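**Student:** This is the structure I have questions about; it appears just below.
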Protein chains: 4
Amino acid sequence: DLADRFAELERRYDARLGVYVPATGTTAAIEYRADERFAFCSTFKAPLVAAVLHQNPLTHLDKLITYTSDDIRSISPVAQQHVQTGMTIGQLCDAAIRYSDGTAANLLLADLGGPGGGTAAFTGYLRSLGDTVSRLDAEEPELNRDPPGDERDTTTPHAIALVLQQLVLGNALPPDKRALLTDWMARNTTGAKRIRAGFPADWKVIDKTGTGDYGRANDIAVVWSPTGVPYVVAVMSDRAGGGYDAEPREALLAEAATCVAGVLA
Amino acid sequence: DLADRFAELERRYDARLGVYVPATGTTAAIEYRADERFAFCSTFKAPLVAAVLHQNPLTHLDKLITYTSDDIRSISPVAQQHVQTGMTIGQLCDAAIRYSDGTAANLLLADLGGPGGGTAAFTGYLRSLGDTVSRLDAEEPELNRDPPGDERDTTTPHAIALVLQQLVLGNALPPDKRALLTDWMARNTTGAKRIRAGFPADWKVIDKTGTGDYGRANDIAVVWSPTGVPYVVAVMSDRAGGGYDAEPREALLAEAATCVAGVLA
Amino acid sequence: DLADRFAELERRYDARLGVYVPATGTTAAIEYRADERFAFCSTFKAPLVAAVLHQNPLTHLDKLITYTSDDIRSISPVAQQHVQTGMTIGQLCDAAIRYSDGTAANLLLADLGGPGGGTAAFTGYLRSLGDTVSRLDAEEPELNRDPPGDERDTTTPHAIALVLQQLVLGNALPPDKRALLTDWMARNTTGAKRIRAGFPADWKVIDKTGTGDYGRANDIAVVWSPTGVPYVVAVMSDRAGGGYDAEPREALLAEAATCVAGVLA
Amino acid sequence: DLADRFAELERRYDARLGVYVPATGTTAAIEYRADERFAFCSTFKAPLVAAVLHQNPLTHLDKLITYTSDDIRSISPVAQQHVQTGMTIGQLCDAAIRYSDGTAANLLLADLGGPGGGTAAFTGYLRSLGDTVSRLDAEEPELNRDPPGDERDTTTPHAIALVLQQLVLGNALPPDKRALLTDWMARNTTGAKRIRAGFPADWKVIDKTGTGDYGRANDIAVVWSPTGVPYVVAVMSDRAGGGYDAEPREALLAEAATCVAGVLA
Ligand SMILES: *C(=O)/C=C/N[C@@H](C(=O)O)C(C)(C)S(=O)O
Ligand SMILES: *C(=O)/C=C/N[C@@H](C(=O)O)C(C)(C)S(=O)O
Ligand SMILES: *C(=O)/C=C/N[C@@H](C(=O)O)C(C)(C)S(=O)O
Ligand SMILES: *C(=O)/C=C/N[C@@H](C(=O)O)C(C)(C)S(=O)O
């Protein structure tokens with residue numbers, strides 16, 4: 001019957017919608033189009049940081065990286081301002097998470113090295129976490145104007161949940177680094193209207209958003225109940241029907257979170 | 001399956017639980033022990049104010065009412081301070097709602113007049129709103145130490161919902177007065193951890209709480225969705241199992257509200 | 001010329017206003033009626049907690065304290081709810097700071113012992129910190145209806161600043177305890193509209209408010225610049241002119257903080 | 001007093017600093033190097049939009065403009081992506097304000113027509129608003145890399161304030177258009193750490209930034225007090241001392257705004 005409540009939101013908001021919450025000690029998993037493909041958008045920036053955290057020691061975040069005016073092809077609210085000054089890996093990661101800065105993302109991919117501009121290195125990282133399905137070829141901005149049906153630059157709710165789970169809750173990173181990533185996500189600016197707004201205030205929520213064309217809108221998060229019980233929530237949507245220029249509806253993502261909060265409480 | 005989620009909370013929290021939300025233009029009502037009797041506790045102070053608003057002109061709120069130090073039997077954080085000075089009907093109502101002042105309650109019942117200390121007059125008022133089941137017999141504090149099963153000083157979730165609906169949303173009161181009551185409930189101090197904490201912040205919530213012995217804990221509220229859709233939510237509980245001195249669990253009330261928010265979103 | 005800006009606010013808001021910030025390594029202090037007496041209101045609850053932290057070991061916070069329904073004479077949003085269950089010293093302190101609970105305050109004074117209900121014990125504590133001027137005689141609620149000119153239950157901005165400085169920044173408490181107090185103040189609920197609202201968001205602010213009759217309104221705080229430079233800010237006001245029933249203006253407190261932020265930046 | 005506080009910031013940050021706030025119904029203006037020349041940087045994009053709003057009817061914003069890959073000389077986060085699709089005047093203006101897109105800027109100058117690439121047409125527009133000092137000669141990127149002392153592509157705080165005032169507050173534009181421009185500025189992405197960060201959150205702020213070599217960093221804004229009183233704030237800086245390669249300090253701009261907020265409150 002929760003299936004039917006998601007299908008309702010789908011109809012109201014004129015969108016296809018994908019939801020995954022893994023199982024726990026107590027609870028059974030929650031599936032809805034969980035094994036269908038969706039566009040990543042900016043959601044892959046979460047693991048990306050983790051990949052950079054994984055590859056290098058912890059003092060590596062101090063390395064300053066320089067770049068040019070014509071390195072800014074994507075929207076980049078932080079990179080734009082620090083062309084003269086440059087930016088350290090540390091600041092790059094902060095921005096990529098907290099502000100969804102597109103340029104930084106690309107710089108960090110380059111920090112991974114390897115062909116594809118570091119997209120292979122990163123693809124490789126996901127496999128280390130047992131992620132077969134997710135696939136990534138292009139960078140920002142080009143990847144977020146790929147057409148519907150195209151399986152390049154895509155993932156499933158099921159998949160990305162299990163990644164985020166291993167990173168945050170699992171032992172995929174040392175505690176010190178893990179800490180950093182949570183801290184960053186805990187302070188995301190771009191996610192107020194989506195998963196955060198669907199949960200009660202007494203729940204703790206850390207999230208990473210994704211947006212694009214064809215009404216594409218995603219949010220992946222870890223939440224803690226008022227008694228500190230952790231849960232992973234992958235929410236993904238699109239509106240490929242209204243074409244390229246369709247607007248995403250955060251309201252959709254907020255409403256679903258509320259249904260989910262209901263079963264989890 | 002929502003039936004099964006309430007029965008779960010019941011088992012977790014070792015409590016009996018009553019829930020009612022009336023039907024709307026779209027949605028069907030939500031019932032769970034909705035037609036079972038529970039203790040009012042301090043929840044009856046909401047209609048009580050309405051009864052005093054209903055019976056008298058609007059300038060009647062300026063009438064000063066004096067009382068003694070030994071008129072303070074219940075918890076009365078506001079009555080305590082204004083013993084020498086007295087208090088106007090207006091300020092009495094504010095206190096009764098916003099602070100759940102027990103003395104004021106009794107003063108207002110006396111303002112209704114009639115035997116029972118004004119409990120019959122008040123019982124009479126509810127019938128004017130088509131409320132058959134509800135009964136009120138004693139005053140504060142004595143009423144909050146009635147034993148389980150005793151039908152004096154009781155109501156059903158179903159009933160009190162339909163009252164609150166008529167008062168707040170319906171035309172049971174002139175707009176000016178209606179306004180006052182909503183304003184007061186909007187500014188309740190005593191309700192943070194119950195219904196308010198079960199809904200997302202982007203919902204508007206006005207509530208009136210109740211507490212007592214045998215783990216008795218109630219909260220009735222009107223909520224607005226993020227798009228201004230109103231709903232009435234009656235939640236009532238008790239824990240007569242652990243006897244007189246069983247502690248109430250607000251956690252229970254907050255958790256249920258969350259399940260409810262889930263179906264309403 | 002900052003003198004003239006405070007006198008302006010005074011005239012606009014029809015209020016007397018007291019401001020103190022101590023001197024630092026760099027900066028000179030800020031004075032305006034800093035050595036004039038004002039009512040404490042709920043501001044004394046900050047040191048009060050410190051006095052209880054000072055007097056007893058750290059394990060003492062687990063001692064559960066019981067009380068009756070008629071022990072709630074003041075407004076007490078948390079004491080209200082935990083009459084059946086009781087409350088530990090630890091929880092009492094949290095409430096007294098975070099919610100300005102009036103009852104708890106009085107219970108804690110009783111924990112200090114001595115005549116005056118523990119007001120002498122507490123008065124004694126301030127002298128240990130070299131505070132000459134500050135005086136405390138009555139408890140809640142009686143102290144909040146002292147008339148203007150009455151020097152009982154009063155302090156100066158200068159004084160209370162130097163206390164708060166020693167507690168938070170100075171070595172007046174062991175680090176562990178100090179930590180607790182800061183944590184509590186960092187999470188004050190009652191202070192959003194006063195000092196907090198006069199500083200830019202990139203400043204860190206921890207505060208403790210006070211309100212009462214005769215438009216009495218205070219806020220004492222520690223702030224950190226965006227680069228972690230600490231400062232102590234005492235702000236106090238009243239409007240004894242419009243009599244007992246004069247309303248306090250938080251706007252006044254927020255405006256002054258802004259003038260202060262200006263010199264500190 | 002305040003003169004000396006600006007000279008301090010100057011010394012701290014190793015920079016020359018220009019500040020202007022016009023006079024109001026109440027307050028006297030604020031001058032500090034207000035009549036000295038500074039580089040525009042990207043600040044001129046504000047009036048530029050206004051000039052295009054002024055010259056043409058309101059439906060002109062729908063005219064699509066196409067361009068080539070080799071038309072993208074400057075930083076252009078939006079122009080980069082819409083080479084295939086093209087962009088309407090409407091979208092061009094949004095970008096120029098909200099994202100400080102450098103290409104769009106140049107396209108719009110071309111929309112004005114005339115020699116200099118439309119820089120004379122634009123220079124001409126400012127004179128219509130009674131602005132004598134301001135001049136513009138080159139386009140992006142070339143204009144941001146021309147040396148200190150060179151009076152081409154420059155303005156004074158005094159001047160640009162009086163322009164922004166007339167546009168936003170004054171009757172320089174019809175309400176409908178005026179509305180558009182404010183809306184755009186209200187939604188600037190590039191300005192978080194400058195003027196916006198120096199004011200308290202309860203102030204409303206709309207801004208337009210500028211950055212360049214020789215530590216050049218500007219922000220012009222309209223602010224509303226918490227009670228809706230409007231003010232215009234021009235802040236400009238540079239660090240020609242450390243030569244071409246000197247890094248700009250937004251911190252400087254944020255600090256000054258704080259001093260200004262202080263006098264305005
Ligand atoms: C991540 O969610 C995407 C970042 N930004 C894009 C979006 O649609 O939100 C763009 C297209 C603005 S970016 O220039 O690629
Ligand atoms: C409203 O919920 C009831 C308040 N009653 C109190 C009273 O003093 O009458 C108590 C203490 C009996 S109950 O614990 O709320
Ligand atoms: C802090 O001590 C202020 C207390 N005074 C008032 C308040 O704001 O709580 C009263 C007078 C309402 S107190 O609770 O009696
Ligand atoms: C406007 O001030 C922005 C101009 N863009 C850049 C350019 O390449 O011209 C800079 C370097 C001046 S700015 O640092 O973003």
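Chain labels follow the order of the structure tokens: the first chain is A, the next B, and so on; residue numbering restarts at 1 in every chain, and ligands are counted from 1 in their shown order.
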Which residues sit within 6 Å of ligand 2, counting only C-alpha atoms and all ligand atoms, listed as a compact mmCIF listing (two decimals) with N, CA, C and O atoms, in the first residue's frame?
**Tutor:**
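Wrote selection-v5.txt, looks like this:
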```
# COMPACT_ATOMS: atom_id res chain seq x y z
N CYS B 41 -8.08 14.66 30.51
CA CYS B 41 -6.99 15.42 31.10
C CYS B 41 -7.21 16.90 30.83
O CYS B 41 -8.32 17.38 31.01
N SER B 42 -6.18 17.62 30.38
CA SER B 42 -6.28 19.06 30.23
C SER B 42 -6.79 19.43 28.83
O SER B 42 -6.79 20.60 28.47
N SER B 74 -4.62 23.01 41.91
CA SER B 74 -3.94 22.31 40.83
C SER B 74 -2.60 22.98 40.55
O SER B 74 -2.26 23.94 41.23
N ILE B 75 -1.85 22.51 39.54
CA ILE B 75 -0.73 23.29 39.01
C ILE B 75 -1.28 24.58 38.39
O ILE B 75 -2.15 24.52 37.52
N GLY B 102 -4.35 25.09 35.81
CA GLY B 102 -5.44 24.26 36.32
C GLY B 102 -6.48 25.05 37.10
O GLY B 102 -7.67 24.71 37.06
N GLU B 140 -10.27 20.12 38.34
CA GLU B 140 -8.87 19.92 38.66
C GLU B 140 -8.66 20.13 40.17
O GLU B 140 -9.28 21.00 40.77
N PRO B 141 -7.78 19.33 40.83
CA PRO B 141 -7.04 18.24 40.20
C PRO B 141 -7.74 16.88 40.17
O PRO B 141 -7.29 15.97 39.46
N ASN B 144 -8.11 14.12 37.30
CA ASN B 144 -6.98 13.46 36.68
C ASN B 144 -6.55 12.20 37.44
O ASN B 144 -5.71 11.45 36.95
N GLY B 210 -2.72 17.12 27.01
CA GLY B 210 -3.28 16.60 28.26
C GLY B 210 -2.37 15.54 28.88
O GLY B 210 -1.79 14.72 28.17
N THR B 211 -2.24 15.57 30.21
CA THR B 211 -1.41 14.61 30.93
C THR B 211 -2.11 14.18 32.21
O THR B 211 -2.95 14.90 32.76
N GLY B 212 -1.76 12.99 32.71
CA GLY B 212 -2.32 12.52 33.97
C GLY B 212 -1.67 11.22 34.43
O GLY B 212 -0.61 10.83 33.94
N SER C 69 3.30 19.46 42.74
CA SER C 69 2.56 20.26 41.78
C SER C 69 2.53 21.72 42.22
O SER C 69 2.49 22.63 41.39
```
**Student:** Enumerate as a list in words the residues belonging to chain A that approach chain D to within 10 Å, with only C-alpha atoms taken into account.
**Tutor:**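 Contact residues on the first chain: residues 68, 69, 70, 71, 72, 73, 74, 75, 76, 77, 78, 80, 81, 82, 83, 84, 85, 86, 102, 103, 140, 141, 142 and 145 of chain A.
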**Student:** As a VMD selection string, please: the residues near residue D:201 (cut-off 8 Å, only C-alpha atoms, same-chain neighbours under 6 positions excluded).
**Tutor:** chain C and resid 197 200 to 201
**Student:** For the selection you just gave me, I'd like the residues written to a file as a tab-separated table (two decimals), in the first residue's frame, keeping N, CA and C atoms.
**Tutor:**
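Final output, saved to result06.tsv:
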```
chain	number	residue	atom	x	y	z
C	197	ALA	N	20.53	38.01	16.70
C	197	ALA	CA	20.00	38.61	15.47
C	197	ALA	C	20.72	39.90	15.06
C	200	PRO	N	26.18	39.19	12.40
C	200	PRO	CA	26.17	38.39	11.18
C	200	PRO	C	26.24	36.89	11.48
C	201	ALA	N	25.77	36.09	10.51
C	201	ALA	CA	25.64	34.65	10.71
C	201	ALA	C	27.01	33.99	10.91
```
**Student:** Check the DSSP output for the backbone and give back, as a PyMOL selection string, the residues of stretch 87-228 of chain D in strand (DSSP E or B).
**Tutor:** chain D and resi 87-88+154-155+204-211+217-224
**Student:** Run DSSP on the backbone and grab whatever in stretch 44-250 of chain A lands in alpha helix (DSSP H); send it over as a VMD selection string.
**Tutor:** chain A and resid 45 to 55 89 to 98 102 to 112 119 to 128 157 to 168 175 to 185 195 to 198 250
**Student:** Which value, in Å to one decimal, gives the distance between atom 12 (C, counted along the ligand's line) of ligand 4 and atom CA of residue D:38?
**Tutor:**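 For atom 12 (C, counted along the ligand's line) of ligand 4 relative to atom CA of residue D:38, the distance reads 13.8 Å.
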**Student:** Using only C-alpha atoms and all ligand atoms, which of A:114, A:67, A:229, A:237 sits nearest ligand 4?
**Tutor:**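 Distance minimum relative to ligand 4 lands on A:67.
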**Student:** Atom CA of residue A:155 and atom CA of residue A:23 are how many Å apart?
**Tutor:**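 So the two atoms, atom CA of residue A:155 and atom CA of residue A:23, lie 19.4 Å apart.
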**Student:** Can you measure atom CA of residue D:179 to atom CA of residue D:136 for me? One decimal in Å is fine.
**Tutor:** 26.0 Å
**Student:** Skipping near chain neighbours, those fewer than 2 positions away, what residues fall within 12 Å of residue A:128 using only C-alpha atoms, listed as a PyMOL selection string?
**Tutor:** chain A and resi 47+51+54+121-126+130-132+163+166-167+172
